[PDB]
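Engineer: Need coordinates for the below:
(10 chains, ligands or ions: 62)
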Amino acid sequence: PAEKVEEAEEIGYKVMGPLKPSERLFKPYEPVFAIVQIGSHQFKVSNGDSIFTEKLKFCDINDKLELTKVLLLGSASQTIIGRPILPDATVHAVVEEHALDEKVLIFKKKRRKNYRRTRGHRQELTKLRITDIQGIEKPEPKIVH
Amino acid sequence: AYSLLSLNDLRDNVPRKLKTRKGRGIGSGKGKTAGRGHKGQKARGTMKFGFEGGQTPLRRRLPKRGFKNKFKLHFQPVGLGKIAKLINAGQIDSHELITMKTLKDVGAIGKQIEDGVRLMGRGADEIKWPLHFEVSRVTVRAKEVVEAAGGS
Amino acid sequence: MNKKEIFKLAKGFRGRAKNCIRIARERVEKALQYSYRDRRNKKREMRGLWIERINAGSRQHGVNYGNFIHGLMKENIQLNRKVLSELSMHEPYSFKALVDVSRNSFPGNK
Amino acid sequence: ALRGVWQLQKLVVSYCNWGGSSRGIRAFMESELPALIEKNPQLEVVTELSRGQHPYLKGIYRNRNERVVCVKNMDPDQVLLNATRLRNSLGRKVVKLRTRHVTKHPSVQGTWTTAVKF
Amino acid sequence: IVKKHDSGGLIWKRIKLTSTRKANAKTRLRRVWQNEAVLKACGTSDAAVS
Amino acid sequence: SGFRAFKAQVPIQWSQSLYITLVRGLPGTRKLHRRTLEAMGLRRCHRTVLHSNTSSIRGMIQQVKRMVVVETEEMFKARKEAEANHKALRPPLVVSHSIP
Amino acid sequence: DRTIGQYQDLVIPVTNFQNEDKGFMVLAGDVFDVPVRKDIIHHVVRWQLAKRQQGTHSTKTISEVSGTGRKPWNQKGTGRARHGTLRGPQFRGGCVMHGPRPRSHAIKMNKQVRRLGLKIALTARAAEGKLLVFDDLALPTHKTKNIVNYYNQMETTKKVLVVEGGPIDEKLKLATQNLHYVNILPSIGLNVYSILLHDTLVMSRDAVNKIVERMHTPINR
RNA sequence: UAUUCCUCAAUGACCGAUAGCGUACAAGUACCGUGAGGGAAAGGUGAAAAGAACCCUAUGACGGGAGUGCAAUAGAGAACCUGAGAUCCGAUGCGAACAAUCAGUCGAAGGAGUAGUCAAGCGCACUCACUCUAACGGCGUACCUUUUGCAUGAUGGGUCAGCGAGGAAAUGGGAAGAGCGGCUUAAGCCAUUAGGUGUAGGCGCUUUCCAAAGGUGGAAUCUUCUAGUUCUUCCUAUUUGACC
RNA sequence: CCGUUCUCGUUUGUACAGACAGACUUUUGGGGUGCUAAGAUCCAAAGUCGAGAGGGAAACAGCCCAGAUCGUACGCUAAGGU
RNA sequence: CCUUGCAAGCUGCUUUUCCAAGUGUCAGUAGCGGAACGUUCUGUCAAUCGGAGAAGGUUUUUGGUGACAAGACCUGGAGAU
Ligand SMILES: [K+]
Ligand SMILES: [K+]
Ligand SMILES: [K+]
Ligand SMILES: [K+]
Ligand SMILES: [K+]
Ligand SMILES: [K+]
Ligand SMILES: [K+]
Ligand SMILES: [K+]
Ligand SMILES: [K+]
Ligand SMILES: [Mg+2]
Ligand SMILES: [Mg+2]
Ligand SMILES: [Mg+2]
Ligand SMILES: [Mg+2]
Ligand SMILES: [Mg+2]
Ligand SMILES: [Mg+2]
Ligand SMILES: [Mg+2]
Ligand SMILES: [Mg+2]
Ligand SMILES: [Mg+2]
Ligand SMILES: [Mg+2]
Ligand SMILES: [Mg+2]
Ligand SMILES: [Mg+2]
Ligand SMILES: [Mg+2]
Ligand SMILES: [Mg+2]
Ligand SMILES: [Mg+2]
Ligand SMILES: [Mg+2]
Ligand SMILES: [Mg+2]
Ligand SMILES: [Mg+2]
Ligand SMILES: [Mg+2]
Ligand SMILES: [Mg+2]
Ligand SMILES: [Mg+2]
Ligand SMILES: [Mg+2]
Ligand SMILES: [Mg+2]
Ligand SMILES: [Mg+2]
Ligand SMILES: [Mg+2]
Ligand SMILES: [Mg+2]
Ligand SMILES: [Mg+2]
Ligand SMILES: [Mg+2]
Ligand SMILES: [Mg+2]
Ligand SMILES: [Mg+2]
Ligand SMILES: [Mg+2]
Ligand SMILES: [Mg+2]
Ligand SMILES: [Mg+2]
Ligand SMILES: [Mg+2]
Ligand SMILES: [Mg+2]
Ligand SMILES: [Mg+2]
Ligand SMILES: [Mg+2]
Ligand SMILES: [Mg+2]
Ligand SMILES: [Mg+2]
Ligand SMILES: [Mg+2]
Ligand SMILES: [Mg+2]
Ligand SMILES: [Mg+2]
Ligand SMILES: [Mg+2]
Ligand SMILES: [Mg+2]
Ligand SMILES: [Mg+2]
Ligand SMILES: [Mg+2]
Ligand SMILES: [Mg+2]
Ligand SMILES: [Mg+2]
Ligand SMILES: [Mg+2]
Ligand SMILES: [Mg+2]
Ligand SMILES: [Mg+2]
Ligand SMILES: [Mg+2]
Ligand SMILES: [Mg+2]
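Structural biologist: Numbering: from 1, shown residues only, chains lettered A, B, ... in the order given. Ligands and ions are numbered 1, 2, ... in the order given. Shown next is the protein structure:
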C-alpha cells in the first residue's frame, strides 16, 4: 500500500478516491494552463483537455488523481516558473480508460540472404481527463452583461 | 477423471517429437538447401561413407596377420565364487557331484554351452567344504584351492 | 504471411501491384520496411521541427537558441523542447518571460 | 467511463456445456465471474448456451458498438484478463492514435500572429 | 585510416583538418591527460588490506 | 563537450579506491583490449565498475586508458554530490507581463 | 472409498440375466487392483490399431505410368525447357514422386506389456463400478427381446461388452447380432480397445477364472 | 511349391474429374507418321421437362414482360448446381494538361459522404466521431540465384488458377521414454466383431593377453558392492532409382 | 607466485554439421616479386566486410564513430559539424 | 531467456512451479537445437451442430508474438467434426 503510494508519487500522480455520482467536477473552460510531467512526457493542458499517457499501474477507472509535478503555471496576466516544480500548484484529473492501441507490424528482411521475420506489437495507454487547475489567480466568474 | 480410461484423454509420458520436414519455408530453419550447404558432391548426394579422398586408406596400408583356426574350442568360464554363493543359497547340493548339468540347471552357465565348462579361480576365498567337480577344464589355482579343502 | 492479408495491405496501390500476388508481395514488404524505418526517423524529424520553432521564437527578442536553452538549463528549468515550442507558438508572453529569464541567467559571449 | 458515464453496458458470455474448447470459460464462471459481477454493479452480465460452437465474450457499449473476443482453448486467467480489457475500454474503434493530447482551445494568450506587439 | 587518395578508381576522399576536428582531438587529449594524472598520483603505492 | 561532466572538481591525490567508466565503443578495437575490459567487468558503454587501488588493476587501466575515465573516491563523490546539488529544488519565480 | 493400486483383493456380488442373488466372488489383487497408468493404455491401443490397418494404397512410378521413353524434342535449339520424358513428376498426368506403395503398418510390442495393459483396463472397469459378474450367460430363447429388455432394465449404460469363458453359446450369438450396443467376445479375444469401447463390462465366472489363470501363468521361454 | 489370359464373394486411416487405368463420357478412338510406332480432350438444369403458350421490338429472340417451378442468371442443345482470380466495358466521390524517378512510407491544407450520446430547457457539443480521396514537405536505386562483391548494363520470371521435389523397407551408430530383472522371439499353429501361443535363435552373465597352441586372484575390509535386454519416437549411415 | 572477472567461455565421451573460390585498409615506415606501377600477386601482425543495419565521408561492401528484442511528438552524447 | 532470493509440493529433500528484484542477456549467412499454426483422412462418433440454414464465396469487425483464429451481414442450398 505505502509502496504503491510512494512509487506512484515518484511517477507523478496521487490517487484521491473514486468518483461519486453526486459530484459535478466538469466545469466549463477557464483561461489558465499548467504543464504537468507524468513519467518522461510533459503535457501543456487546460481544464477540459484530455491526455494519453503510459500505463499507470496503480489506478482504476473513475479515480480522482492529483498531478504532483507541475512545471509551469500561466494565465493571461502572469506566469509562475517552477525551478523545477511548484509545490503549491495542483492539477486535478480523472482516470478514464486503459486500452491497447492499434497493432504495428515489425518487419525485418535482408535481401539475397534468405532471412525475414514478422511480429506485431500492441502498446497499452491510459487516458486522463483534466478537470481543475489550482495555484494561479483565476479570473472571476464573469457575467458581463 | 476418477480412474476414467476414455479414448479422449490418452497421452504419453512426454509430448511426441515430430519429423524435421526439410525444404519448407524460411522460418522453419531448414528450407532452401535443407542442411546441405552449397554445391559439391555432398549436396548432390553421391558420396560414399568412409572414402578418404584418393589417399591410400588406413584399411589398405596396414598388414594382414595370422590365420583362422576352424577347430577352436570354446569353454564357458565359471568361478568358485558363484558356485559358493549358490551353495550358500541352498540351490546346489554340496554333498553330491557337481556336474555340468547341475550348473546348467541352476543357471551359473548361460544359455548356450558350446564345448564345456572351465572352472576359474575367482572368489576362491569362499570355499570351505570338500566339493567334487566334473568339468571340462580347470585352472591351477582352482584345483589347488579345491584340493586344499579336500575335494577333487 | 497469408495471401488475403497481403491483399489487405496492398489496398490503394497503383497498377497491378494490388491484384497479382507476385507483384503485390514485393511492394508490401518494401512498405513494411519503410514503416519500420520511419518509426525511428519520425523522432528526429519532430525534434528538428521543435528546434526550428524555438529558435524562431527566441530570435525575435535577440537571443539565440544555443544561449536560450543553456540559460534554462542553468536556472534548473526542465521544460523540454516540445513544450517549449508549443509555448512559443501559442503563449508568446510566457515565452518572452522565459527568454528574459534565460538572458539574465546565461548571456553568453557577443 | 466517459466523464463519469460507464460505457460498457452488457457483457454476454457464450459457451457450450459439451465441447472441449469451453473448459476454460466454464471454469471461469465458477471462479471469477461472481467477483466480477459483485465488483461491477452497473454492468449487466448475460449468460448464453450454444451447443457445438466455440465460446466467446461479447461486449455491447453505449455508442452502439459490439466487440467479440473468442476465448476457445484458453485458461481462466486469460478469460478474466480479456473480460477486464472489455470493461476498461470506451468501445471506440481500433485505429491509430493520431494525437496524444486532445484540446479545443490551443491557446490562452492567443496564438502568435504576424500582427503581435509586445 | 585510409591514405590512398591518388590511385585506383575507388574514391577515398581526403578528410580535411578543420577546426571542429581539432577541437574534438584536444578534448580526447585532455581526457587521456587526466587519466595519466590519476594513474601517476595513485601509483605511489598499493592500497593495503587485501 | 561530453568530458565537461567528467572534468575533476577535486585535486587528484592518492586514493584507496578507483571508479572506472567506459566511454568508448567496442568494435574496431583489439580483442586483447576487449578481453582486458571484460576482465575488468565492463561490457557496455557508459558503465562503471569499482576496484581497489593496486598495481594489478593499474596495469589494466594503463593498457586501456584511452577508452575509459578513471576517477578516485573523492572525485567520484564530488561529481555525484555536485550533480544532485544542481538538481536540487529552488524557490520559483513569478513574472507579471500584462498589457498586451 | 478405496485407493486404487495397492494390489488388494476385491469382493463382488454375482447375478445373472434374471436379476437374482447368486453369491460373491473374490477377485485377484494382481489383476483387478494394479495402478492406473494412461501411457501404457495409449501404447497398447496404438499397437492394436496399427496391427488392424490394412495398408493397400498404391501409386504409380515412372516405370509404370503409360508413356514412351523418347526425348520430347532436341536438347538444344528449340527454346523450351529441357525434358527427358513427358511423364515427369511435375507433369500433368505424370508419375507420383515419393507416393505410397502397398505395405504393412504393424509395429511390435512385448507380451508382458500387453498383459499389463489388459490388467490396467480390467482394474479401471472394476474400480468404476462398471464391472458386472454373472453366474452364467445361458438364455431361454434365441430371440433378441430378452437382451433388449435386460438392457432397458440396466442402469446408466450406453454400450455393454459381454465376455464368455469358452466359445459362445449359439442362442447368445443369435440374440445379440442385431444390436449395435451389446457386443460379445470370448475370453481368448479380450483386449484393451474393445474393453474401452464399451463403458460397461459383463463377465462370467469362467471368463474371470481363465483371465486370472492366464495372468498367473508366466510366459514360457 | 510358382503364376493369373480367367470366375465368384468380400475388404480398404486407397483416389475422387489437372486425381484414379492412357480411357467415369462409344478410347487405343480422334489426330501425327511411309512404316514399326506415338497418342489426347471432354462429368453435374430441376424432385419431376412441368424445357418458357401468348404480347412487344429486331431479318431472326438467346432480349423486355407473362406463365411453370422452392428458386429462371436454375433458361441448355455432348451443356444450364456453387460460381474465386487474371482480363474487358460502365456508374458514383475526390485527385488529375508548370511539373520528373522500384510509384511507397511518415506527416498533412482542403474537398466529399454519413452516424450515435444526453443534460438542459427539444440545443449543442461530445464521441482524438467513422469512411473515401491527398495539393504540399521529409525519406526511399525491385525480388531470387550465384558470388570477395550486384540498382546492376550477370541468371530467371507476361499475369492468374490448379499441380510440382527429404520419402519406404531391412540392417548398424546414438538420444529421450517405458516393460521386465536375465531380457526377447523368427517361421509357424489355434481363433478372428479379437487375440493367444511357438526356445530354434540373438544379446548379456563371461575371463580381459594371444597369429595359434596355451594361459587367467575384480573391489572392499567389517550387516559387502559385484550384468543387462526388448520395444516406441526422433537425428544420421549402408544396400536399393534415394530430395527433384 | 599473486590479483581481477563469477562468467565454464577449459579438458573430455557421445551424436549432427558446414566450410577448405575470400576482399579491402593500416606512408613502399614488416617484407619478397614487379618499374619503390596497378582496385597486380605472395607471406607476417591488427581491423572491418563476408555474416552487420544506424550517424559522418556529396553519392559509397572494406575508411571514421558505434553493435538493431519491441513502443513513445522524452533527455545526454560519439564521429562529424553550427 | 538466464541468475539470485522467497513460498509451495516433491522424493529428488532436491527438481518443478508462483512471485519479486536484476546498470544481466536478446544483429546474423552456411549450420545446429527448442517450441508451435494450418491441410486431407481415422478413433472418440448410431455422439454434437444443421430450413432457428452445413460446406464453399464477397465484404467488414474483433484477438494473439506468428503461422492463424473467431463474431455479423449478403450469396449458397445439404452437409460438418
Ligand atoms: K595519371
Ligand atoms: K524408347
Ligand atoms: K489423361
Ligand atoms: K504429378
Ligand atoms: K439458384
Ligand atoms: K510523398
Ligand atoms: K548474359
Ligand atoms: K535403431
Ligand atoms: K532399461
Ligand atoms: Mg540458417
Ligand atoms: Mg527460396
Ligand atoms: Mg546437414
Ligand atoms: Mg558441401
Ligand atoms: Mg543452389
Ligand atoms: Mg563452391
Ligand atoms: Mg571509379
Ligand atoms: Mg568512396
Ligand atoms: Mg580559426
Ligand atoms: Mg565534440
Ligand atoms: Mg519406360
Ligand atoms: Mg531410349
Ligand atoms: Mg532423369
Ligand atoms: Mg496418373
Ligand atoms: Mg483423367
Ligand atoms: Mg471440380
Ligand atoms: Mg476440366
Ligand atoms: Mg495412316
Ligand atoms: Mg424460348
Ligand atoms: Mg441441389
Ligand atoms: Mg474481377
Ligand atoms: Mg470518375
Ligand atoms: Mg496543377
Ligand atoms: Mg514522367
Ligand atoms: Mg499516414
Ligand atoms: Mg481529412
Ligand atoms: Mg465534413
Ligand atoms: Mg529523392
Ligand atoms: Mg565474379
Ligand atoms: Mg559466401
Ligand atoms: Mg549497392
Ligand atoms: Mg537484370
Ligand atoms: Mg534497366
Ligand atoms: Mg548461370
Ligand atoms: Mg527473361
Ligand atoms: Mg501460382
Ligand atoms: Mg580445394
Ligand atoms: Mg584455397
Ligand atoms: Mg589469404
Ligand atoms: Mg602496412
Ligand atoms: Mg604492404
Ligand atoms: Mg597495392
Ligand atoms: Mg587483390
Ligand atoms: Mg586476418
Ligand atoms: Mg560480423
Ligand atoms: Mg554499415
Ligand atoms: Mg552508412
Ligand atoms: Mg548519406
Ligand atoms: Mg544487441
Ligand atoms: Mg546537447
Ligand atoms: Mg539472435
Ligand atoms: Mg458462411
Ligand atoms: Mg478435421
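Engineer: Going by C-alpha atoms from here, please, whenever you check contacts or count neighbours.
Structural biologist: Fine.
Engineer: need the contact list for the closest residue to residue A:38 other than its chain neighbours.
Structural biologist: Nearest residue to residue A:38, sequence neighbours excluded (C-alpha to C-alpha, 6 or more residues apart in numbering or on different chains): residue A:12, at 5.3 Å. Counting by C-alpha atoms under 8 Å, 6 or more residues apart in numbering or on different chains, residue A:12 makes contact with A:37-39, A:67-69.
Engineer: Switch those residues over to JSON lines, and while doing so, append neighbour count, secondary structure and distance to residue B:139 to every line.
Structural biologist: What follows is those, written out as JSON lines (neighbours: other C-alpha atoms under 10 Å in any protein chain shown; DSSP: H, G, I helix; E, B strand; the rest coil; distance: C-alpha to C-alpha, whole Å):
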{"residue": "A:37", "neighbour count": "20", "secondary structure": "strand", "distance to residue B:139": "97"}
{"residue": "A:38", "neighbour count": "19", "secondary structure": "strand", "distance to residue B:139": "94"}
{"residue": "A:39", "neighbour count": "15", "secondary structure": "coil", "distance to residue B:139": "91"}
{"residue": "A:67", "neighbour count": "20", "secondary structure": "strand", "distance to residue B:139": "100"}
{"residue": "A:68", "neighbour count": "24", "secondary structure": "coil", "distance to residue B:139": "99"}
{"residue": "A:69", "neighbour count": "25", "secondary structure": "coil", "distance to residue B:139": "99"}
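Engineer: from those residues, which is closest to chain C?
Structural biologist: residue A:37 (9.2 Å; C-alpha to the nearest C-alpha).
Engineer: I'd say the closest one and residue A:43 touch.
Structural biologist: Yes: taking contacts as C-alpha atoms under 8 Å, residue A:37 lies within contact range of residue A:43: 6.4 Å.
Engineer: what's the distance between the residue nearest to residue A:38 and residue D:76?
Structural biologist: 34 Å (C-alpha to C-alpha, to the nearest Å).
Engineer: try residue A:65
Structural biologist: From residue A:65 over to residue D:76 (counting by C-alpha to C-alpha), the distance is 32 Å.
Engineer: I'd like to know how far the residue in chain A sticking out farthest from the centre sits from ligand 2.
Structural biologist: Distance from the C-alpha centroid of chain A, by C-alpha atoms, centre = their mean, peaks at residue A:112 (47.3 Å). Going from residue A:112 to ligand 2 by C-alpha to the ion, to the nearest Å gives 42 Å.
Engineer: circling back to that earlier point, closest to residue D:113 out of the contacts of residue A:12?
Structural biologist: Closest to residue D:113 out of those is residue A:37 (28.3 Å), distances taken as C-alpha to C-alpha.
Engineer: Phi and psi next, for the closest residue to the closest one other than its chain neighbours.
Structural biologist: Leaving aside its chain neighbours, residue A:37 sits nearest to residue A:69 (5.8 Å; criterion: C-alpha to C-alpha, 6+ apart). Backbone torsions of residue A:69, given as degrees, to the nearest 10, read phi -110, psi 100.
Engineer: Is it correct that residue A:69 is in contact with residue A:36?
Structural biologist: Yes: in terms of C-alpha under 8 Å, residue A:69 counts as a neighbour of residue A:36; the distance is 5.7 Å.
Engineer: Near residue B:74, how many other residues are there?
Structural biologist: Here the count is done by other C-alpha atoms under 10 Å in any protein chain shown, and residue B:74 has 12 residues near it.
Engineer: residues contacting it?
Structural biologist: Residue B:74 makes contact with B:114-116 under the criterion C-alpha under 8 Å, 6+ apart.
Engineer: ok, 6 Å please
Structural biologist: Contacts for residue B:74 (C-alpha atoms under 6 Å, 6 or more residues apart in numbering or on different chains) come out as residue B:115.
Engineer: next one: phi and psi at it?
Structural biologist: The phi/psi pair for residue B:74 (degrees, to the nearest 10) reads phi -120, psi 120.
Engineer: Provide the secondary structure category for the nearest residue to residue C:91 once chain neighbours are set aside.
Structural biologist: Leaving aside its chain neighbours, residue C:91 sits nearest to residue D:109 (5.5 Å; criterion: C-alpha to C-alpha, 6+ apart). Secondary structure, DSSP: H, G, I helix; E, B strand; the rest coil: residue D:109 is coil.
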